[PDB]
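J.: The data below comprise the sequence and an experimental structure of the protein.
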Amino acid sequence: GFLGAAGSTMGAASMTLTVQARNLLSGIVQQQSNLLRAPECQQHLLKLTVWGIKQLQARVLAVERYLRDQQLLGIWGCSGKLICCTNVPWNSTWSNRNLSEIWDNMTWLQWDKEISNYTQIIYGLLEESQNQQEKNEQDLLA
Amino acid sequence: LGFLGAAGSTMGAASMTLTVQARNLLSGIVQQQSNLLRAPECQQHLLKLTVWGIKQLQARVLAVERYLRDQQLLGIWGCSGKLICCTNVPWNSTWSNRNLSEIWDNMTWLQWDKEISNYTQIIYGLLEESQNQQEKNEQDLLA
Amino acid sequence: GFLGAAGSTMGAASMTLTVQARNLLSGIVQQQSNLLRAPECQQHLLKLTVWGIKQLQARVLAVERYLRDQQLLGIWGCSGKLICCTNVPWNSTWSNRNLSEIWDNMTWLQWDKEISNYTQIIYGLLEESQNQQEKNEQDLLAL
Amino acid sequence: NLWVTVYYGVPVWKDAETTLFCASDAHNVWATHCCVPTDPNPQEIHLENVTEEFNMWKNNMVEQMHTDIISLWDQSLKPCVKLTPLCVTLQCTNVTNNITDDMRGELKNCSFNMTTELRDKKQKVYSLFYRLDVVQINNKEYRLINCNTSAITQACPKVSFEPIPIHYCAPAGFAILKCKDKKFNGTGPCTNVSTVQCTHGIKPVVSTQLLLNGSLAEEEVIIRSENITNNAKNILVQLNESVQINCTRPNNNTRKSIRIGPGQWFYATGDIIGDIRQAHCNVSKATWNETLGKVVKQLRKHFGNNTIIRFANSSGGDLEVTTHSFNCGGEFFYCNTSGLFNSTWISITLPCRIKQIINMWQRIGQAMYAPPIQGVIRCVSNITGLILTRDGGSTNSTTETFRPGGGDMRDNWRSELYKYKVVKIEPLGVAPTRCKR
Amino acid sequence: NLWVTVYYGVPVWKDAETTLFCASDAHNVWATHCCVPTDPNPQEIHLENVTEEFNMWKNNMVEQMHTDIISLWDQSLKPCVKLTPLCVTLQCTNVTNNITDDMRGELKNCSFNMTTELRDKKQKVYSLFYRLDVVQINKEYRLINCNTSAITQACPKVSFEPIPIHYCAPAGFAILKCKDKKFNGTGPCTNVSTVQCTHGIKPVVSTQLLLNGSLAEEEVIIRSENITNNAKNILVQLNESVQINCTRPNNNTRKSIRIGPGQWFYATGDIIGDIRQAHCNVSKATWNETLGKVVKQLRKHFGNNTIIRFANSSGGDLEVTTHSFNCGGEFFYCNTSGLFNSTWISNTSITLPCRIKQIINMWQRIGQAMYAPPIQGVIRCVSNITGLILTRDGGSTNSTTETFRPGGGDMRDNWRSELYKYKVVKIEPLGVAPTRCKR
Amino acid sequence: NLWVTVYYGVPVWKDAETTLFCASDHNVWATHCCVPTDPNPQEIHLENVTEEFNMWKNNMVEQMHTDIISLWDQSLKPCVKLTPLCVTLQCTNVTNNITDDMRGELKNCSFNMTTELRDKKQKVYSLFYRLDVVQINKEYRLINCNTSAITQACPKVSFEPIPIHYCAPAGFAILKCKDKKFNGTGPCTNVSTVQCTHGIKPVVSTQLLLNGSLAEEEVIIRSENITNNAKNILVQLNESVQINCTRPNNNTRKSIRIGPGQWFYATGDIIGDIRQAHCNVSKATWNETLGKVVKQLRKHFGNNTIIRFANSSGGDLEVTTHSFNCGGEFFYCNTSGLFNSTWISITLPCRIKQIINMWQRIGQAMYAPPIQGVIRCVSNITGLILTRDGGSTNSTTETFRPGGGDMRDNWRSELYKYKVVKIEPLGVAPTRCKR
Ligand SMILES: *[C@@H]1O[C@H](CO)[C@@H](O[C@@H]2O[C@H](CO)[C@@H](O[C@@H]3O[C@H](CO[C@H]4O[C@H](CO)[C@@H](O)[C@H](O)[C@@H]4O)[C@@H](O)[C@H](O[C@H]4O[C@H](CO)[C@@H](O)[C@H](O)[C@@H]4O)[C@@H]3O)[C@H](O)[C@H]2NC(C)=O)[C@H](O)[C@H]1NC(C)=O
Ligand SMILES: *[C@@H]1O[C@H](CO)[C@@H](O[C@@H]2O[C@H](CO)[C@@H](O[C@@H]3O[C@H](CO[C@H]4O[C@H](CO)[C@@H](O)[C@H](O)[C@@H]4O)[C@@H](O)[C@H](O[C@H]4O[C@H](CO)[C@@H](O)[C@H](O)[C@@H]4O)[C@@H]3O)[C@H](O)[C@H]2NC(C)=O)[C@H](O)[C@H]1NC(C)=O
Ligand SMILES: *[C@@H]1O[C@H](CO)[C@@H](O[C@@H]2O[C@H](CO)[C@@H](O)[C@H](O)[C@H]2NC(C)=O)[C@H](O)[C@H]1NC(C)=O
Ligand SMILES: *[C@@H]1O[C@H](CO)[C@@H](O)[C@H](O)[C@H]1NC(C)=O
Ligand SMILES: *[C@@H]1O[C@H](CO)[C@@H](O)[C@H](O)[C@H]1NC(C)=O
Ligand SMILES: *[C@@H]1O[C@H](CO)[C@@H](O)[C@H](O)[C@H]1NC(C)=O
Ligand SMILES: *[C@@H]1O[C@H](CO)[C@@H](O)[C@H](O)[C@H]1NC(C)=O
Ligand SMILES: *[C@@H]1O[C@H](CO)[C@@H](O)[C@H](O)[C@H]1NC(C)=O
Ligand SMILES: *[C@@H]1O[C@H](CO)[C@@H](O)[C@H](O)[C@H]1NC(C)=O
Ligand SMILES: *[C@@H]1O[C@H](CO)[C@@H](O)[C@H](O)[C@H]1NC(C)=O
Ligand SMILES: *[C@@H]1O[C@H](CO)[C@@H](O)[C@H](O)[C@H]1NC(C)=O
Ligand SMILES: *[C@@H]1O[C@H](CO)[C@@H](O)[C@H](O)[C@H]1NC(C)=O
Ligand SMILES: *[C@@H]1O[C@H](CO)[C@@H](O)[C@H](O)[C@H]1NC(C)=O
Ligand SMILES: *[C@@H]1O[C@H](CO)[C@@H](O)[C@H](O)[C@H]1NC(C)=O
């Protein structure tokens, strides 16, 4: 389903990342498909100027969020993948925990809370590593 | 040749213009705004047409949404950045009981789409699964 | 450091290409986040049909401009890159210089006048090159 | 040997505000708006192992339902004829023809000078009015009650404001979670949470003291309130069984169409056929008795196991406050509920008044006129919950008293929306791994 | 061992419904709301070896054009003054001044009490009205719309003259054009091309006779949803145009009456000189030759020896029974019985009088009306008849003859007749195929 | 051996026309500018950047103009119409300890207006200024009855200016000129980039520029074409000239029901003596200030030219007087006393008007509800709008007069230092590297 086994542990959750990944845009396109189930009423809905504007805003925001996240993955060199290995080491201060409890017993919901104070730090670190890697690639190619 | 030039050419032949449709489908959007910019003093009038304005935004938004859904799907299948890609999914021969030569030649894409339209979702699901397995394997091999 | 070092030599200016790429979509999302800091005021903008449409058009156009450029880089085989090289030689009559005469304390702002009207020529060449490389792989992968 | 792995498609979420989409199923006001049907098979996901925290009193879905219903309501009034031309001196007398005692002085016969379709001509017409909407000037001359404050717009005669269960659907990127807890407290951690595409179908029923046509608390009578020790907070009482209430407007009415302008029509109440009798509601006495006994048994959990509990009648204020405001067939009934709350724990007939000029959603400056309904009205409704308020109590630690409360329309939606929450899905996150590039 | 290959940018399209936008050629309502310029050089791309199916009777481009026109129209009246202050009792007498017999009683002189700019003062004014707009009470008259609708004065500065309008596809869509000679509205078309926009179609609004449309190439073409079904219209596109000269000969003047704080009403003043009837001229020989061509085409479906008759129109109001002609901003209701008064047997200057009306229920929608202000001086219009709207009289189920009558009134057919060659499709760039290539 | 490299994220901008968005720290501007500014704008100094500015072709001015008018109309959109007052008035002279001035300026008018009930009338009266009352052939008409509808501003609504910030949407940037003594056109060498402009108060005035930025260093005179006497000259001063304005009469109000919850706010009796409205300009300051302007003007005409100042020419009050909006009251101040000297405390009387055709449009008249008590205004004169006289050959003396009346110049004077550009991150360059 849409969330799938949200309460499963992290290792199991990783099996359906694709299902979740595609839902933001397929849902939007389907919403248009749902409007088209009765094209004759659209003219009665467009009279409601405020409802019209709110729906446009909702779609625009969903697109903007999607793109921002995809760009961010591209910035870090993770574009095109659901799972991205990187060159940034994990800090024990973020979480002093083994790759046993983290993947087999904890869920993503629990994990998200545990390390919620480091998101902006990790992201900045990923950006710097990628910036260096690209320049190094150009010199090696040359 | 033109936006849909050689529409009646064979499937193989048609690969030569694959780039043209792929780009025109998105870039025509900005050209249309550039046509409105001919007379900003006229467009400001049209901005008062509440229903017209909403419909035009809906149209632009949908062009974007259609585009992005297809791009996301190509990414899901592991074909991001390519117009032509190969996968790890074999052709069944149940989808179409035909040989390679009789499909790439003596057949157009319009005809082909009709012939196999019933398997669209099946094929797409298989492609997603192939990529799902491949990415896990890559992580495990790097590990 | 949005546009910092804009007047610097192109070679050095390149150190912040990453910032500029991020700035557009980050700015769009944060500007929306900022407006929504005060729903008590923001809700009254729903009465300004004209501002509703103008802001949506501005947001939509920024997105469209973004996607256009990303698609083009993808077509050229530069998806995910800020400084990609191609297999298309730099034509001498474009600049008629050596490399240090390009980076002779010349800025990107200045460089724009040197490219001038060669921009569309080069873009066409870049797509043509990728088309051939992609086709070559399609057959090389079938041996 | 720990590396950062970035993942996209992680099943996590945050509490969030987003506008929900309204959908329906297979000239009604909500049928027109909620055009898009829901998915005929909106199968839920059981989020096994997941415990979520809820707060029904701060649920923003309520605020949206409030905003949306008012907006749609106003846009359904906006396009029709204004009754401004009728704010003239009325010449009124009593209707003394076939009047029972209960209706003496309530039904009035008023004549007035209103325009015709030509600007040069007037017509003298007459119609019937209910006492509640007519105010005496300084004994024959009367004014409509809203002439000194607001404009009155006639409701569109074809539009049916009949509640349709409607469903609220999440926008992509968001999800609706609901908790299947038979004993849900109203706040805090809740188990058996499932994820759905849309909410169940909730009818936009308007009422005050008694909540009609909702859910029935699974298996038990449930008392829920924010800050229960504070007598100023409304208590929502949900019943485990419905109580059927039968309401009627016994008079056989006629209507007349008066042209008031070019294509403009005014609907006036015409003569009444047969005897003039009072509107009323019938509640089974035994069912009602049993119901309150169950409610008290539960109320005592917060007030003391040997505490004496009294049900008193309503306080002062507007009819929307002091009576049960009941909307049926399109007419507005204001029913005396004191006969329902007149007992102490240790068939009932409620008389009703009819009003045509109303001020919904606790607002002033605008008013709706409800065209009359011809024939008679017979209503059948289900009482599914009650809204109570508690006395300050002074220094009384022995007994306690409750009165019918409510009147705040948001309370009529919390009663159905309490189990739902909307969250934002957040696909990105990181975790340590065993791989490096 | 063939493999699945995936392609993006595949030139495949499917039928689709989208919203097209308006574009205009390099104060006129049609132009001020169609700001996108057209391409001075549209590129029509021939599609070699493509056969496609068209159906003019199911073409949603027609529905959009109809909707857009109604919307545009309403937005053009919205800002101008309502004339509800004029719905008063009128004191009317007949105009008796050098009037030709044919116009007697068709023009009335009405005086009335109307308010002025101050709310406490009135003025006595008078104006002329056409008979069709005024109804007798029980000398006392009222306007015909006084009991059913509010009437809005058309804006005196707004032109309604048709401008060729081009419909253009949004990105992701394309418009396919059918080039087959003798395509008669349905089925496969083998000469096709792709365009960005349609050609410019003037939004001419009329009944019975279509004016200033596309002219057929080669033969006269008869198009109908059934042909056999007497409940359906027949659209006949002519291959040679017929010139028609229309006029309103009376020399008019206009007066402007102050009715409120910034509001003015435009009234018809006295006619200068003789009063004559409005009319249209059709060359007789041309009409007779043109009609004979139509008859030759009808026989293809109805038989050699099946007498063909052209009869008058049926009953109904003037939006049905007479030709509806909108020119100069004036509204003419022309009697076409003189054009359809013959029986054709196998193998073997016309003056049409017109009436003028100022209250127009233009879209057959009731509850709104437009008031057409007067035009000073005289007017003349020259236009091309490009097609006919005909219906069959179904009474003659088993007969030796069939009768055709002028019909129409459904405005969508006026556009269906121009858009019949265009179709909207959506591009679907993804697809798969077998290949010799594997990862 | 150079090959093509495609670069993305290149710091290059081009001139562009986009829509900017308002930012703010029952006030109209404040309510409509919901977005809150960044408390610490991240201004970027741009090293080695020369850029060309042109204040006379700056589209930021047009947007400010458009937004102000639109918001103005929006705030009045839901307000009560005064159509019911367009009746014949029966007016007589006010005789209540009126001083020598204003002898014919204040009138006592009675009229027949409806009450809530449509079948009854009431007789009411109110005071009016002569500027808004027109004699018919005792019988008077409101001045705008023959042209347009008059609406009443909603009394709770405030038009008091708040510093409003214009901000670029993402993808755009605002460049600004920091050069001291910048001409308003041409290349600027001290430049920076901002996300938002400084806040500008949307101050309405017609001859003097009030509450704007004060010039740095010296008096600066800017014009589109200095030799063309058809152009306005914008003069920015480098020292403020304090002005004290008042409307001394103690007003009261009465609220009249004109319909079903529909109210009109009428001007009531004046309490106490009646005195004339006026503004005070320090004489010495004005003398010196004007002399500074002259020195700066001489730089464009010669060292042997005398500059004479003169009063305004004919035209509408919006042109001939200095319009001043204070407390929501509308003053029309006579500035002839400021332009009398020739370069070889000043009291300016002001009239009060209530029905205002604020813009250049004529179909929208608005009635300013009366204000109770008395008012006092204090403001900073920061500049002037001046024009040259007609053609001549005698260059010995030039005459300058108050110009203006076109409100776009009131914003042009603040926005002159800002330019909007778009960013185009994609481009190409050679390098010693190939695939
Ligand atoms: C709680 O839930 C209950 C159950 O749904 C609601 O009660 C129903 O309310 C509806 C709407 O008022 C009632 O339907 C109406 O019945 C009228 C009476 O005629 C009936 O009986 C005759 C035979 O004598 C039949 O011929 C006829 O078809 C009906 O079955 C009708 O006259 C009404 O129709 C008219 O008004 C509607 C307005 O929508 C128009 O659409 C119609 O075209 C027509 O003009 C209508 O059909 C229904 O009978 C009630 N049920 C019961 C058991 O009483 C409660 O109202 C709801 N409570 C609250 C607070 O919301
Ligand atoms: C089928 O197609 C034909 C054209 O091919 C249409 O016929 C034209 O219809 C238009 C609109 O009615 C006619 O336009 C009018 O022409 C008048 C001609 O005046 C001439 O002589 C005067 C002498 O004083 C000159 O000043 C003038 O320049 C011309 O040389 C104009 O006077 C009319 O002006 C009015 O409207 C304008 C609007 O901008 C106002 O500003 C003016 O003050 C005034 O009110 C107007 O321009 C055109 O002449 C017709 N052509 C022919 C050949 O007759 C058919 O109408 C069309 N059929 C259908 C059904 O659509
Ligand atoms: C319902 O009606 C009864 C009428 O019997 C109301 O009770 C009356 O309240 C007034 C106000 O205090 C007293 O003066 C009367 O004496 C009461 N009636 C009796 C029995 O004498 C009651 O308040 C009404 N309740 C509602 C819900 O409207
Ligand atoms: C169409 O078919 C002919 C042969 O009948 C062939 O020569 C031509 O190339 C085909 N057109 C296209 C676009 O392939
Ligand atoms: C091919 O398709 C058929 C029809 O669904 C299916 O039964 C068969 O298993 C498929 N072959 C493969 C890919 O195993
Ligand atoms: C939830 O339970 C706590 C006691 O654990 C109580 O204080 C609180 O009031 C309850 N919430 C509701 C809505 O009754
Ligand atoms: C509600 O609960 C009581 C106590 O268990 C029970 O007697 C009563 O029947 C229930 N109501 C219903 C559903 O009948
Ligand atoms: C309500 O009406 C039903 C029939 O519709 C009847 O069986 C029931 O007893 C009535 N209830 C009361 C309290 O009168
Ligand atoms: C013409 O219409 C007939 C139906 O009346 C249809 O059979 C035929 O295929 C159509 N032909 C063309 C060229 O449109
Ligand atoms: C017209 O054609 C349709 C099929 O397109 C058919 O269903 C219908 O019966 C026909 N009508 C007549 C009158 O034969
Ligand atoms: C009334 O006021 C006018 C100025 O508008 C003045 O000329 C006239 O003398 C005054 N009349 C009286 C009696 O004071
Ligand atoms: C400064 O303004 C004058 C006009 O007053 C103009 O002639 C001159 O060229 C401008 N200087 C620059 C650098 O643009
Ligand atoms: C303003 O400029 C003048 C010269 O133009 C100078 O004399 C005066 O001192 C300046 N005032 C300031 C900035 O103090
Ligand atoms: C002050 O005014 C006098 C009279 O016009 C003038 O002569 C003198 O120069 C002025 N002084 C200055 C420069 O302020």
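T.: Now that the structure is in, tell me what you want to look at. Numbering: from 1, shown residues only, chains lettered A, B, ... in the order given. Ligands and ions are numbered 1, 2, ... in the order given.

J.: Tell me who's in contact with residue D:17.
T.: Residues near residue D:17 by C-beta atoms under 8 Å, 6 or more residues apart in numbering or on different chains: D:60, D:422. Quick note: C-beta positions are derived from backbone N, CA and C, even for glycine.

J.: Look at it and give its secondary structure.
T.: Following DSSP: H, G, I helix; E, B strand; the rest coil, we place residue D:17 in the coil state.

J.: Figure out how far the strand or helix carrying residue A:121 is from the centre of its chain.
T.: Per DSSP states H and E, residue A:121 falls inside helix A:119-141. Centroid separation between helix A:119-141 and its chain, computed with C-alpha atoms, centre = their mean, to the nearest Å, is 20 Å.

J.: what does that helix contact?
T.: Against helix A:119-141 from outside (C-beta under 8 Å, 6+ apart): A:72, A:75-77, A:86-88, A:94, C:18, C:81-83, C:85, D:4, D:6, D:430, F:433-435.

J.: which of these are buried?
T.: A:72, A:75-77, A:86, A:88, A:94, C:18, C:81-83, C:85, D:4, D:6, D:430, F:433-434 (16 or more other C-beta atoms under 10 Å in any protein chain shown).

J.: contacting residues around the residue of chain A found nearest chain E?
T.: At 6.7 Å from chain E, residue A:39 is the closest residue in chain A, using C-beta to the nearest C-beta. Remark: with contacts taken as C-beta under 8 Å, 6+ apart, residue A:39 is in contact with residue E:17.

J.: Now the helix holding residue A:121 - C-alpha only, CSV.
T.: C-alpha atoms of helix A:119-141 as CSV (Å, rounded to 0.1, in the frame of the first residue of the first chain):
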residue,chain,number,x,y,z
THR,A,119,19.7,16.6,9.2
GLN,A,120,21.0,20.0,8.2
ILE,A,121,24.6,19.0,9.2
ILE,A,122,24.6,15.8,7.3
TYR,A,123,23.3,17.5,4.2
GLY,A,124,25.9,20.2,4.3
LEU,A,125,28.6,17.6,4.6
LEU,A,126,27.3,15.7,1.6
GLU,A,127,27.3,18.8,-0.5
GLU,A,128,30.9,19.5,0.2
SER,A,129,32.1,16.0,-0.6
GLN,A,130,30.3,16.0,-3.9
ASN,A,131,31.7,19.4,-4.8
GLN,A,132,35.2,18.1,-4.4
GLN,A,133,34.6,14.9,-6.2
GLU,A,134,33.4,16.6,-9.4
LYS,A,135,36.4,18.8,-9.7
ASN,A,136,38.7,15.9,-9.2
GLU,A,137,36.9,13.9,-11.9
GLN,A,138,37.5,16.7,-14.4
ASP,A,139,41.3,16.8,-13.8
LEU,A,140,41.6,13.0,-14.0
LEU,A,141,39.6,13.0,-17.3
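
J.: As a check, name the ranges of all helices in chain D.
T.: With helices called from DSSP state H, chain D shows them at D:29-33, D:60-75, D:285-299, D:319-322, D:411-417.

J.: Same list, those, but as a markdown table with distance to chain C please.
T.: Below are the helices of chain D laid out as a markdown table (distance: least, C-beta to the nearest C-beta, whole Å):
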| stretch | distance to chain C |
| --- | --- |
| helix D:29-33 | 17 |
| helix D:60-75 | 9 |
| helix D:285-299 | 37 |
| helix D:319-322 | 26 |
| helix D:411-417 | 19 |
